[PDB]
C-alpha cells in the first residue's frame, strides 16, 4: 500500500551521509548533551550528518518557494544577505532527548561551509509565569498546551520568519522553576531557527507555529523507556541540580532512592505521561523525520516524510 513515509534502519540511513564533514569534537558534543544522554560522535556521524545534509538540500529548495510567491507578487529579489529564515521544530516527550537533539542539530548546521546564523529557541521561555499558572489553576499542567502563551510564541516565530530585524522571547529558569523577570533572548534575522519544545507540532483552530515549520523533528521512544529515563534522571539530579540550595526542588536532594522513585513515578503518571499521550504523540504523524530510540537511548530507526 502507498505511504507518505519511508522507514530506515541506522545502516540504510548512515549511507545517505555521503561525504558530509564531521565538524564537532568530543569536548564540544559533551557540552551539548544532557544528563542521561548516550549520544556519541558515532551516532552524530551515522544519524545527524545525513539529517544535516538533507536539511541543507531543502533550505535552498524551500527558498525557491517564497521566491515564486515573490515573483508572482511582482516584488523585488531578496537581499541574499537576508533570505526567508528556515524554521525547524523539534518535538518530543519530557526526557526523551529532544533538547540534546536540537542542541546538536544547531551545532552542526551552524558549522556549515558558509556559516549560517543558526538560532535555537526552546518553548520554555513561553510558559506562563508560576503566578499566572496558579491564577489559571495550571501549576499542575506545566507543559500542557494551555500552560504556554501560544500567542506570544506565534507572534515570535511569525516575527522572525517574516523578516524582522530582531524578535524577543522570555527566558525560563529551570533552577527557579519559573520565568525570569526582565530576561530576554534576542534573535536577529537568523538563516535558520530551531524551535524546541513539548507541543511545537501542535495544530488547531488558528494558524500555529507548526504551520510555519519548513522542517520538523520528533524524537521518539517507547513510553515505558521514557518513564525509565525520566525516573532515572530524577534520581541522578539529586546530586546535580537539586543539590544546589538555590534550587526550587532542593528538598528532593534528600530523598532516598525509594522515595525519589515514588515521587518521580507520580509526577510522570499525573503529568508528563498524560501530556505525552494526549498532546505530544498525536502530533508525531506530522513530523518530517522521526528519530526512534531504543531503550538504550540509541537512535536505530528513522521515519521520513517523503509526502
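Residue numbers count along the first chain shown, from 1. Heads up, when I say rigid core I mean the largest set of C-alphas that superpose within 1.5 Å between the two forms.
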- With the rigid core as the fit reference, the stretch showing the greater C-alpha departure in 8 other deposited structures of this protein, 98 to 106 or 78 to 86, is 78 to 86
- Message: Averaging CA B factors per stretch from the PDB record, which one is higher: 49 to 57 or 278 to 286?
- Response: 49 to 57
- Mean C-alpha temperature factor, higher of 200 to 208 and 113 to 121: 113 to 121
- Message: Highest recorded C-alpha temperature factor, please, choosing from 132, 75, 214, 227.
- Response: 75
- Message: Per the entry's values, where does residue 220 land by CA temperature factor relative to the rest of its chain, in the lowest, middle or highest third?
- Response: lowest
- Query: Among the chain's modelled residues, which third holds the C-alpha B-factor of residue 162?
  - Reply: middle
- Can you tell me which third, lowest, middle or highest, the CA B-factor of residue 92 falls into for its chain? lowest
- Note on the structure: Quick tally, chain-level thirds of C-alpha B-factors: residue 237 sits in the lowest
- Message: Using the temperature factors of the C-alpha atoms in this entry, rank residue 23 within its chain: lowest, middle or highest third.
- Response: highest
